[PDB]
>>> print(open('coords-v6.pdb').read())   # PDB, C-alpha atoms and all ligand atoms
ATOM      1  CA  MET A   1     -15.137  -2.863  -3.131
ATOM      2  CA  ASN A   2     -13.130  -0.015  -1.825
ATOM      3  CA  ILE A   3      -9.681   0.891  -0.580
ATOM      4  CA  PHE A   4     -10.012  -0.738   2.770
ATOM      5  CA  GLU A   5     -11.261  -4.072   1.470
ATOM      6  CA  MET A   6      -8.745  -3.815  -1.271
ATOM      7  CA  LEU A   7      -5.722  -3.505   1.006
ATOM      8  CA  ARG A   8      -7.194  -5.966   3.520
ATOM      9  CA  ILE A   9      -6.985  -8.494   0.726
ATOM     10  CA  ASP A  10      -3.546  -7.682  -0.316
ATOM     11  CA  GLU A  11      -2.063  -7.348   3.214
ATOM     12  CA  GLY A  12      -3.966  -9.901   5.181
ATOM     13  CA  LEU A  13      -4.450  -9.531   8.893
ATOM     14  CA  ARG A  14      -2.155 -10.912  11.605
ATOM     15  CA  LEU A  15      -2.426 -10.237  15.307
ATOM     16  CA  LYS A  16       1.065 -11.302  16.286
ATOM     17  CA  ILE A  17       4.330  -9.615  15.215
ATOM     18  CA  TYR A  18       5.425 -11.081  11.897
ATOM     19  CA  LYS A  19       8.056 -10.519   9.259
ATOM     20  CA  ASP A  20       6.940  -9.087   5.962
ATOM     21  CA  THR A  21       7.962 -10.196   2.393
ATOM     22  CA  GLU A  22      11.175  -8.068   2.905
ATOM     23  CA  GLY A  23      11.773  -9.691   6.353
ATOM     24  CA  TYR A  24      10.765  -6.603   8.406
ATOM     25  CA  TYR A  25       8.764  -6.637  11.538
ATOM     26  CA  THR A  26       5.109  -5.919  10.932
ATOM     27  CA  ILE A  27       1.781  -6.348  12.589
ATOM     28  CA  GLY A  28      -1.960  -6.139  11.752
ATOM     29  CA  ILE A  29      -2.907  -5.209   8.165
ATOM     30  CA  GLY A  30       0.513  -4.455   6.797
ATOM     31  CA  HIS A  31       1.568  -1.985   9.508
ATOM     32  CA  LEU A  32       5.347  -1.928   9.292
ATOM     33  CA  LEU A  33       6.853  -1.525  12.664
ATOM     34  CA  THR A  34      10.544  -1.283  11.985
ATOM     35  CA  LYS A  35      13.341  -2.117   9.454
ATOM     36  CA  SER A  36      15.506  -3.152  12.395
ATOM     37  CA  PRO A  37      16.386  -6.800  12.859
ATOM     38  CA  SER A  38      15.607  -6.571  16.581
ATOM     39  CA  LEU A  39      12.367  -7.986  17.852
ATOM     40  CA  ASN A  40      12.795  -5.924  20.876
ATOM     41  CA  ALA A  41      12.979  -2.911  18.922
ATOM     42  CA  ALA A  42       9.862  -3.962  17.098
ATOM     43  CA  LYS A  43       8.072  -4.742  20.319
ATOM     44  CA  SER A  44       9.010  -1.344  21.532
ATOM     45  CA  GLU A  45       7.615   0.393  18.470
ATOM     46  CA  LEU A  46       4.488  -1.774  18.799
ATOM     47  CA  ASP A  47       3.846  -0.634  22.385
ATOM     48  CA  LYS A  48       4.495   2.981  21.418
ATOM     49  CA  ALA A  49       1.937   2.671  18.506
ATOM     50  CA  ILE A  50      -0.774   1.031  20.703
ATOM     51  CA  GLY A  51      -0.396   2.894  23.894
ATOM     52  CA  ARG A  52       0.049  -0.223  26.038
ATOM     53  CA  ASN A  53       2.243  -3.108  26.881
ATOM     54  CA  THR A  54       1.264  -5.477  24.202
ATOM     55  CA  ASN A  55       3.835  -8.086  24.543
ATOM     56  CA  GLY A  56       3.698  -8.364  20.649
ATOM     57  CA  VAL A  57       0.044  -9.239  20.286
ATOM     58  CA  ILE A  58      -2.842  -6.880  19.485
ATOM     59  CA  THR A  59      -6.430  -7.246  19.061
ATOM     60  CA  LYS A  60      -8.460  -6.970  15.923
ATOM     61  CA  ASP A  61      -9.894  -3.713  16.839
ATOM     62  CA  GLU A  62      -6.370  -2.432  17.506
ATOM     63  CA  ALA A  63      -5.140  -3.705  14.153
ATOM     64  CA  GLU A  64      -8.067  -1.908  12.376
ATOM     65  CA  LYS A  65      -7.262   1.292  14.175
ATOM     66  CA  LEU A  66      -3.711   1.268  12.981
ATOM     67  CA  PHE A  67      -5.069   0.411   9.507
ATOM     68  CA  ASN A  68      -7.399   3.414   9.464
ATOM     69  CA  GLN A  69      -4.500   5.654  10.490
ATOM     70  CA  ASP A  70      -2.215   4.253   7.817
ATOM     71  CA  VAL A  71      -4.729   4.608   4.965
ATOM     72  CA  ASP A  72      -5.405   8.122   6.116
ATOM     73  CA  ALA A  73      -1.716   8.961   6.235
ATOM     74  CA  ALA A  74      -1.251   7.457   2.752
ATOM     75  CA  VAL A  75      -3.911   9.724   1.259
ATOM     76  CA  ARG A  76      -2.578  12.795   2.975
ATOM     77  CA  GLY A  77       0.910  11.948   1.763
ATOM     78  CA  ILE A  78      -0.347  11.821  -1.728
ATOM     79  CA  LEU A  79      -2.113  15.135  -1.432
ATOM     80  CA  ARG A  80       0.914  16.801   0.125
ATOM     81  CA  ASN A  81       3.246  15.442  -2.661
ATOM     82  CA  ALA A  82       3.795  17.739  -5.644
ATOM     83  CA  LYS A  83       4.521  14.880  -7.970
ATOM     84  CA  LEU A  84       1.684  12.755  -6.765
ATOM     85  CA  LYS A  85      -1.243  15.077  -6.251
ATOM     86  CA  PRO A  86      -1.747  16.118  -9.768
ATOM     87  CA  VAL A  87      -1.760  12.568 -10.844
ATOM     88  CA  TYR A  88      -4.168  11.567  -8.220
ATOM     89  CA  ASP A  89      -6.483  14.428  -8.898
ATOM     90  CA  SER A  90      -6.630  13.501 -12.515
ATOM     91  CA  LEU A  91      -7.845   9.961 -11.893
ATOM     92  CA  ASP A  92     -11.248   8.358 -11.463
ATOM     93  CA  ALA A  93     -12.092   6.712  -8.067
ATOM     94  CA  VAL A  94     -10.964   3.152  -8.806
ATOM     95  CA  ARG A  95      -7.588   4.159 -10.216
ATOM     96  CA  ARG A  96      -7.107   6.512  -7.233
ATOM     97  CA  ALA A  97      -7.470   3.359  -5.026
ATOM     98  CA  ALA A  98      -4.727   1.702  -7.027
ATOM     99  CA  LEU A  99      -2.395   4.613  -6.432
ATOM    100  CA  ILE A 100      -3.234   4.639  -2.754
ATOM    101  CA  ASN A 101      -2.347   0.916  -2.496
ATOM    102  CA  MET A 102       1.025   1.446  -4.085
ATOM    103  CA  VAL A 103       1.799   4.335  -1.702
ATOM    104  CA  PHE A 104       0.700   2.296   1.249
ATOM    105  CA  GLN A 105       3.026  -0.438   0.162
ATOM    106  CA  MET A 106       6.069   1.502  -1.040
ATOM    107  CA  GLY A 107       5.859   4.899   0.529
ATOM    108  CA  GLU A 108       5.377   8.220  -1.226
ATOM    109  CA  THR A 109       8.985   8.466  -2.020
ATOM    110  CA  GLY A 110       9.019   5.085  -3.674
ATOM    111  CA  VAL A 111       5.922   5.805  -5.762
ATOM    112  CA  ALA A 112       6.957   9.377  -6.784
ATOM    113  CA  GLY A 113       9.935   7.676  -8.639
ATOM    114  CA  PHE A 114       7.616   5.821 -11.105
ATOM    115  CA  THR A 115       7.969   9.016 -12.955
ATOM    116  CA  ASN A 116       7.411   7.605 -16.305
ATOM    117  CA  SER A 117       4.338   5.566 -15.295
ATOM    118  CA  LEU A 118       2.874   8.627 -13.519
ATOM    119  CA  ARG A 119       3.050  10.687 -16.681
ATOM    120  CA  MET A 120       1.418   7.993 -18.897
ATOM    121  CA  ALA A 121      -1.237   7.643 -16.171
ATOM    122  CA  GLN A 122      -1.844  11.286 -16.130
ATOM    123  CA  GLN A 123      -2.087  11.116 -19.971
ATOM    124  CA  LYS A 124      -4.662   8.218 -19.647
ATOM    125  CA  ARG A 125      -2.401   5.831 -21.666
ATOM    126  CA  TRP A 126      -3.449   2.812 -19.630
ATOM    127  CA  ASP A 127      -1.818   0.021 -21.384
ATOM    128  CA  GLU A 128       1.437   1.792 -21.703
ATOM    129  CA  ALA A 129       1.410   2.706 -18.043
ATOM    130  CA  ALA A 130       0.732  -0.918 -17.224
ATOM    131  CA  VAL A 131       3.694  -2.190 -19.147
ATOM    132  CA  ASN A 132       5.971   0.415 -17.687
ATOM    133  CA  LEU A 133       4.812  -0.356 -14.132
ATOM    134  CA  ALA A 134       5.727  -4.034 -14.570
ATOM    135  CA  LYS A 135       9.307  -3.085 -15.287
ATOM    136  CA  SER A 136      10.159  -2.766 -11.683
ATOM    137  CA  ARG A 137      11.583  -4.506  -8.799
ATOM    138  CA  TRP A 138       8.148  -4.098  -7.200
ATOM    139  CA  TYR A 139       6.624  -6.361  -9.755
ATOM    140  CA  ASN A 140       9.483  -8.961  -9.758
ATOM    141  CA  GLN A 141       9.313  -9.234  -5.948
ATOM    142  CA  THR A 142       5.575  -9.393  -5.420
ATOM    143  CA  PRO A 143       4.167 -10.297  -8.792
ATOM    144  CA  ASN A 144       0.650 -11.461  -7.832
ATOM    145  CA  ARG A 145      -0.120  -8.371  -5.855
ATOM    146  CA  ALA A 146       1.585  -6.161  -8.427
ATOM    147  CA  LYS A 147      -0.576  -7.661 -11.159
ATOM    148  CA  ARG A 148      -3.801  -7.004  -9.278
ATOM    149  CA  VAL A 149      -2.845  -3.406  -8.678
ATOM    150  CA  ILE A 150      -1.625  -2.910 -12.249
ATOM    151  CA  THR A 151      -4.846  -4.346 -13.675
ATOM    152  CA  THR A 152      -6.828  -1.998 -11.482
ATOM    153  CA  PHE A 153      -4.849   0.936 -12.755
ATOM    154  CA  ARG A 154      -5.142  -0.126 -16.293
ATOM    155  CA  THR A 155      -8.819  -0.950 -16.495
ATOM    156  CA  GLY A 156     -10.238   1.236 -13.826
ATOM    157  CA  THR A 157     -12.400  -1.654 -12.567
ATOM    158  CA  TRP A 158     -12.202  -3.994  -9.603
ATOM    159  CA  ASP A 159     -12.062  -7.195 -11.747
ATOM    160  CA  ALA A 160      -8.680  -8.385 -10.328
ATOM    161  CA  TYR A 161     -10.235  -8.344  -6.912
ATOM    162  CA  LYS A 162     -13.295 -10.605  -7.665
TER     163      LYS A 162
HETATM  164 CL    CL A 201       1.568   4.402  14.810
HETATM  165 CL    CL A 202       2.214 -10.876  -4.382
HETATM  166 KR    KR A 203       1.951   5.533 -11.186
END
>>> encode(input="coords-v6.pdb", output="structure tokens")
Amino acid sequence: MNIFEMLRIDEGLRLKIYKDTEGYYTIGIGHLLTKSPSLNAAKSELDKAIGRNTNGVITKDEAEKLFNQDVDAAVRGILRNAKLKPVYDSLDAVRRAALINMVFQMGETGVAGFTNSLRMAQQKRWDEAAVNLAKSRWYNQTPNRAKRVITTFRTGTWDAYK
């Protein structure tokens, strides 16, 4: 397993504009298009992202391209973030994937505020980190996904994904 398969599981894949768990316009593998309630606006951002008149539908290859860009951007965001990088650099490969998933989902800003969890993680206090991570709106809103990611972080294995 790896980061890509990991997020492809958690995000699914949809070729038509759809609304996410928060009701925002999204497409592909979790590619948020806009927080605006306007489909038009969303269709406009879609066309801008793709480079063509999509009419709100993309192909699989197009969805995967956006996905590669987003995973890439997530990693770079982590490395460019002074609160995140040191955490990231201290982790093994599996746990790094867990932190990338959270950033992909919540944004760098969002993740950098799990201050307390980040410190336990950096200290390698897995179980404690795990309990602290569950005390969050993130977990109450998307509990099944949150649990898979938290288990990953805690154990450093891919068991939650098998
Ligand atoms: Cl884009
Ligand atoms: Cl979920
Ligand atoms: Kr974290």
>>> atom_distance(input="coords-v6.pdb", atom1="atom CA of residue A:12", atom2="atom CA of residue A:28")
7.8 Å
>>> axis_aligned_box(input="coords-v6.pdb", around="stretch 78-85 of chain A", padding_each_side="6 Å", output="lines of an AutoDock Vina configuration file")
center_x = 1.2
center_y = 14.8
center_z = -3.9
size_x = 18.6
size_y = 17.9
size_z = 20.1
>>> residues_near_ligand(input="coords-v6.pdb", ligand="ligand CL 202 (chain A)", cutoff="7 Å", atoms="all atoms listed in the file", output="list in words")
residues 142, 143, 144, 145 and 146 of chain A
>>> residues_near_ligand(input="coords-v6.pdb", ligand="ligand CL 201 (chain A)", cutoff="8 Å", atoms="all atoms listed in the file", output="list in words")
residues 46, 48, 49, 50, 66, 69 and 70 of chain A
>>> residues_near_ligand(input="coords-v6.pdb", ligand="ligand KR 203 (chain A)", cutoff="10 Å", atoms="only C-alpha atoms and all ligand atoms", output="ChimeraX atom specification")
/A:84,87-88,95-96,98-100,102-103,111-122,129-130,132-133,150,153
>>> write_last_selection(input="coords-v6.pdb", atoms="C-alpha atoms", output="compact mmCIF listing (two decimals), keeping the file's coordinate frame")
# COMPACT_ATOMS: atom_id res chain seq x y z
CA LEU A 84 1.68 12.76 -6.76
CA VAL A 87 -1.76 12.57 -10.84
CA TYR A 88 -4.17 11.57 -8.22
CA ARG A 95 -7.59 4.16 -10.22
CA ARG A 96 -7.11 6.51 -7.23
CA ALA A 98 -4.73 1.70 -7.03
CA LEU A 99 -2.40 4.61 -6.43
CA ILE A 100 -3.23 4.64 -2.75
CA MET A 102 1.02 1.45 -4.08
CA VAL A 103 1.80 4.34 -1.70
CA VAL A 111 5.92 5.80 -5.76
CA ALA A 112 6.96 9.38 -6.78
CA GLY A 113 9.94 7.68 -8.64
CA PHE A 114 7.62 5.82 -11.10
CA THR A 115 7.97 9.02 -12.96
CA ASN A 116 7.41 7.60 -16.30
CA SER A 117 4.34 5.57 -15.30
CA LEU A 118 2.87 8.63 -13.52
CA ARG A 119 3.05 10.69 -16.68
CA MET A 120 1.42 7.99 -18.90
CA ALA A 121 -1.24 7.64 -16.17
CA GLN A 122 -1.84 11.29 -16.13
CA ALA A 129 1.41 2.71 -18.04
CA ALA A 130 0.73 -0.92 -17.22
CA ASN A 132 5.97 0.42 -17.69
CA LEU A 133 4.81 -0.36 -14.13
CA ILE A 150 -1.62 -2.91 -12.25
CA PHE A 153 -4.85 0.94 -12.76
>>> residues_around(input="coords-v6.pdb", residues="residue A:105", least_positions_apart="4", cutoff="10 Å", atoms="all atoms listed in the file", output="VMD selection string")
chain A and resid 7 10 to 11 30 to 32 74 99 to 101 110 to 111 138
>>> closest_residue(input="coords-v6.pdb", among="A:108, A:17, A:25, A:58", to="residue A:80", atoms="all atoms listed in the file")
A:108
>>> atom_distance(input="coords-v6.pdb", atom1="atom CA of residue A:27", atom2="atom CA of residue A:15")
6.3 Å
>>> closest_residue(input="coords-v6.pdb", among="A:161, A:104, A:18, A:67", to="residue A:43", atoms="only C-alpha atoms")
A:18
>>> closest_residue(input="coords-v6.pdb", among="A:59, A:123, A:54, A:151", to="residue A:29", atoms="only C-alpha atoms")
A:59
>>> atom_distance(input="coords-v6.pdb", atom1="atom CA of residue A:90", atom2="atom CA of residue A:126")
13.2 Å
>>> closest_residue(input="coords-v6.pdb", among="A:13, A:33, A:3, A:57", to="residue A:158", atoms="only C-alpha atoms")
A:3
>>> closest_residue(input="coords-v6.pdb", among="A:140, A:24, A:51, A:9", to="residue A:160", atoms="all atoms listed in the file")
A:9
>>> closest_residue(input="coords-v6.pdb", among="A:157, A:76, A:8, A:135", to="residue A:63", atoms="all atoms listed in the file")
A:8
>>> residues_around(input="coords-v6.pdb", residues="residue A:40", least_positions_apart="5", cutoff="10 Å", atoms="all atoms listed in the file", output="CSV table (one decimal) with C-alpha atoms, keeping the file's coordinate frame")
chain,number,residue,atom,x,y,z
A,45,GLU,CA,7.6,0.4,18.5
A,46,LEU,CA,4.5,-1.8,18.8
A,55,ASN,CA,3.8,-8.1,24.5
A,56,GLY,CA,3.7,-8.4,20.6
